[PDB]
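A single chain, nothing else alongside it, follows as structure tokens in the form deposited in one PDB entry.
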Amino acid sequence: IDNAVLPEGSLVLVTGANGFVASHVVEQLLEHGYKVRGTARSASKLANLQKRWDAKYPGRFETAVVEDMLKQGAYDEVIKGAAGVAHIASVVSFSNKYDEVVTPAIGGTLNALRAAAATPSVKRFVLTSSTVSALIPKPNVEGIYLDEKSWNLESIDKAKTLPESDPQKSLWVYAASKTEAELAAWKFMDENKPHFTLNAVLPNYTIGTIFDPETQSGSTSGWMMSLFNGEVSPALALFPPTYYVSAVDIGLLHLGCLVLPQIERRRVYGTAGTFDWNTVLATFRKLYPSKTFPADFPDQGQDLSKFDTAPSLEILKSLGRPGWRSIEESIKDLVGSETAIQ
């Protein structure tokens, strides 16, 4: 990558590297000649992915264990030698209680940022936020344009007082946690003025290959894979139409945020195009004509929102892509195509 701010062969720390989106960030870093150190709560969580990257990119990926993401000093050992950091602000919804979900998301982000501020070698930091830090997808709402100034401020209070019976409450709690974490990151940058530059990537609904299905199935692509296999969730039919984005493209967006000189203090939207479950089902049926699939879902309406994707397309162009990968190609990355083996 010409004029890269992180030299070729530099080491990037990717937190939560076992996660589905994170594993695509790692893969695109490795694909472009960078070394990666990936953290997980236990070595077992990375063993399969470690096996894949040792085969695919020998000697370029290393597992690092961070048992407590919140503990002070948690990243102080693993960050040493890193020229960049990719922190994925993951949300653990083991509970309905706002404080149990939102606070660890902020706390993990601040901990990673503190570690970077104490490491002079770190030059770039990329935070994985979400489009929910701008808005919750709402079908058939006109006049929604999201840009780098759009913030989901409402989600913070809304997530606190929604009825438990509301089918969308978990989505709102996830939105509050992503919003609060991204806000905390930008506030950290302004208050502490650290030596590194921060960028945020805001993926929407990421569709792509699941490298290790046994552990990565609790992901956007994992849910789509369960649908492919004939599973239907009641929350599935109440999910709003939204934007998809290819998992490779999301990995590229993080790579550009880490290495490209023209990308500083940006919020980069991962929003390729709109979709609903019936477009997914139609693509399943074309890719596997012999397979039986669930029936079409009742109409969920249409997403009329639009996103300012100018820095995203700039990054994609700088990294050699004509534009967004198509949903049909993205879905094919996930489920493959029907083959008659002879």
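Start at 1 with the first residue shown and count on from there. The term rigid core refers to the maximal set of C-alpha atoms that superpose within 1.5 Å between the two forms.
As for the form deposited in another entry, it is not shown, yet the points below apply to it.
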Across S93, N140, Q262, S121, the single C-alpha shifting 2 angstroms or more between this form and the one not shown with the core held fixed is at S93
Closer or farther: the C-alpha atoms of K51 and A89 in the other entry, versus the form shown, with a change of 3 angstroms or more?
closer
How does the C-alpha distance between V91 and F307 change in the other entry compared with the present structure, closer or farther, given a change of 3 angstroms or more?
farther
